[PDB]
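A lone chain, given as structure tokens: the form deposited without adenosine-5'-triphosphate.
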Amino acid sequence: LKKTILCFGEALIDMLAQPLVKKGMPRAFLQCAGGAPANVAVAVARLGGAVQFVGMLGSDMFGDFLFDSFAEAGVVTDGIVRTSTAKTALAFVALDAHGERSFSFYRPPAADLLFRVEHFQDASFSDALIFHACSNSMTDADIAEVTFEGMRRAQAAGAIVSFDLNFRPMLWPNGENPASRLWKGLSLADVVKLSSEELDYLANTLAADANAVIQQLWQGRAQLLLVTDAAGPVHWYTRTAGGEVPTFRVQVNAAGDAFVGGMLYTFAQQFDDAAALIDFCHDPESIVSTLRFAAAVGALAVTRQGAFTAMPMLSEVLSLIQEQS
């Protein structure tokens, strides 16, 4: 069976700063499993899809926590490698930008950044129908090349390559221009997901507009593009048309990792092989149907200061779609 969704990249700890409780009581931080591709993997596993997380975890308490969290969720762990050379990355989340949500990362150096091409396993790509990655595994030259090689290997092995930009400027070296790597990753993906802001960023790097960006994507492997709005309406584009994705109102909005997990999960269930993506992209009726499912997953996922605390099961997602209909 070649139905496994391979999520590659970083898995890290989101440390959620809690509000001050009493007097000089020490502030508390809550430990939550995180990482863009990691969240996608857990969302897929919760729905019942075959999924594996490929990446490097530290040989520390946090790495053990992430490993066990993956196992408990049903995510295959065979492709995970370990290292004592660096610690598991930490992402501290709090408030200080006045009342804004602040971020403090312990990642210029981290375990996930040390994954090398030699760590990939042929069995992973043999059984993979989808390879999903994000730009965080492109923050330095070495890890970026590993991500590109994974995308190239996936394509050659018959897997659909999914790329959710998930651009986080803070994680990139000061003074360096990430444009080059982002465009390269974009040229190697069959399915691309961008936020409105990232689309604007990319347009600026071209000294042009959104249309120019989309046309640039069509010059590569891209067959499907999703653009998320801060608000909530997701737009989709293929080389033959464009439209909107049905949304859901379930009280908390922009499509994130759960949405992606929902989408890839459906792809793996419905596609016999990678070539099936082409027919899918030529059929707006299927596109709308599948993205509605993805939106339902995103709407049901529960987050706390970012970081997912609960992913929905298939029955719950289908019930929402059935009800809100």
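Basically, rigid core = biggest C-alpha set you can superpose within 1.5 Å across the two forms. Numbers follow the displayed sequence, beginning with 1.
A second form of this protein, the form deposited with adenosine-5'-triphosphate bound, is not displayed here; the remarks below concern that form.
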{"query": "Shown form pocket vs adenosine-5'-triphosphate in the entry with it bound, superposition, backbone/C-beta distance 2.4 Å", "finding": "blocked"}
{"query": "Listed residue that, although adenosine-5'-triphosphate is not shown, lies within 4.5 Å of it in the entry with it bound (heavy atoms), from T83, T247, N136, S124", "finding": "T247"}
{"query": "Contact residue in the entry with it bound, from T228, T147, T88, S162 (heavy atom within 4.5 Å of adenosine-5'-triphosphate)", "finding": "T228"}
{"query": "Contact stretch among 26-34, 273-281, 253-261, 52-60 - heavy atom within 4.5 Å of adenosine-5'-triphosphate in the entry with it bound", "finding": "253-261"}
{"query": "4.5 Å heavy atom contact, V234 and adenosine-5'-triphosphate in the entry with it bound", "finding": "yes"}
{"query": "4.5 angstroms heavy atom contact with adenosine-5'-triphosphate in the entry with it bound for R221", "finding": "no"}
{"query": "is_contact(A45, adenosine-5'-triphosphate) in the entry with it bound, heavy atom dist at most 4.5 Å", "finding": "no"}
{"query": "In the entry with it bound, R168 touching adenosine-5'-triphosphate (heavy atom, 4.5 Å)", "finding": "yes"}
{"query": "Residues within stretch 178-194 having a non-hydrogen atom within 4.5 Å of adenosine-5'-triphosphate in the entry with it bound", "finding": "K193"}
{"query": "Core-superposed comparison between the shown form and the other one: the option from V117, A212, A230, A141 whose CA moves 2 angstroms or more", "finding": "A230"}
{"query": "Rigid-core frame, C-alpha of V302, shift of 2 angstroms or more between the shown form and the other one", "finding": "yes"}
{"query": "Distance trend in the entry with it bound - C-alpha atoms of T303 and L12, change of 3 Å or more", "finding": "farther"}
{"query": "Change in CA distance between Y201 and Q305 in the entry with it bound, which is 3 Å or more, as closer or farther", "finding": "farther"}
